[PDB]
RNA sequence: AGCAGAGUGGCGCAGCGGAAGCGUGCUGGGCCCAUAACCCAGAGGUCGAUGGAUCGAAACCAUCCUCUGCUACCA
RNA sequence: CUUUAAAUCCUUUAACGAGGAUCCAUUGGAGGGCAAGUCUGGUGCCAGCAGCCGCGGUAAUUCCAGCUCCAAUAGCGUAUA
């Protein structure tokens, strides 16, 4: 089970709804280091991250999550955390205030294979509220 | 209908018709005697085409 | 004319990409991509276009191959979407015959 | 926190004093048994905005707005 | 009774031992090759048949069942050398 977690952990994108704090901004691009509250779901390291309000633009993948200078891997609902975001190589890096602003609600860019892995193998680790977030993002991401 | 991949549907939805209580057919030597009589004894001189043994016109 | 519905093993699907050799893949309304097949009554009589609502049969021993039964036109697809047999978030994209 | 490039028909673009255009796309008709090619017509323009230099602005200037590329400056 | 090391098996022989002689003969096939229904119901290119040609599209001489018929017969069908 631990080995299968170790191969298939790169595909499984955890659901999340996570909300920008105004003026808690510490970096703008490469990396993006920025203090954000987690409104719903849970954040895991390596998550592909995106902005729905600007035609599903991608900002990159996260690298390190810090809760008051402590490297904490899992950021759960109700916790105000600092997230370090690295842009995806090969694409244009994104700036703050031009491609996305503080009023945007940033969500995790889930995929259909991630949904399949969460439904088939990660049935234990997801809540009913997390499954509702999965369905809500699936209607947002227009995935049938 | 149901589905296109329903297995054994025509065997399962056909009507069941029971068997009929028929006389015991004699088997062995006297069956050949009946065959010989019906073929080469009761023959009638006909014309044109001879109908088959199962010609149910 | 009539409005045929689903059954205990028959569902609905929408065509994603048109495929050669008399087959296609269609997006079922359960989150599973299924490779459908064109019915032998549909091989030349009527055509199937991209992003159309169709009735699909299933196998009870596997879910990798499927088979298309019939095709819905625009007005009856809108009427069945209004009834509720189809999800509201499913984009029918106004499939129709042009002129 | 700030700089550079661009803003003209749905899309890309020429473009400067005596001048709303080009390729593609859309609609109607013809040609053909039908489609493409071809032929005949039409629709779609605040030339990003304001103000000035001017007899004469889409153009010369100043400012603002929007998009795309850049200084690396944080848990 | 006989056989045989002793039995069993066969032969002989008492007594019982059949009428719808229920003491009940199966295996394949019926379009052609290849002997034998353009019979009756059900499905409608679905289910299936088919060594090869081919048969099924809501009147199937080929599918699934009933009756009749055909080939060999205590035997018949299938796969491989």
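A quick note on method: Cβ atoms are made from the backbone with ideal geometry, for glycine too, and the neighbour counts reach across all protein chains shown. We did not get these values from a lab; they are worked out from the coordinates using the rules stated.
Points worth noting:
- Relative to its Kirkwood radius, the Cα radius of gyration of the protein assembly as shown gives an Rg/Rh of 1.31.
- The Rg/Rh ratio for chain C, using Cα coordinates for both the radius of gyration and the Kirkwood hydrodynamic radius, is 0.93.
- Backbone N within the range A:46-74 under 19 Å of label point (7 Å from residue A:105 Cα along the Cβ vector): A:49-59
- Histogram of C-alpha separations across the range A:34-144, 5 Å bin width, %: 2, 10, 20, 24, 22, 15, 5, 1, 0
- Distance (nanometres) between label positions extended 7 Å along Cα→Cβ at residue B:14 and residue B:56: 1.6 nm
- Compared with the dominant principal axis of the Cα atoms in chain B, helix B:29-40 is inclined by about 70°.
- Helical contribution to [θ] at 222 nm, DSSP H n ≥ 4, -39,500 (n - 2.57), averaged over the protein assembly as shown, rounded to 500: -5500 deg cm²/dmol
- Rg/Rh for chain B (Cα atoms only, Rh after Kirkwood) is 1.26.
- Each 5 Å bin from zero holds the following percent of Cα-Cα pairs in the range A:10-72: 4, 15, 23, 34, 19, 4, 1.
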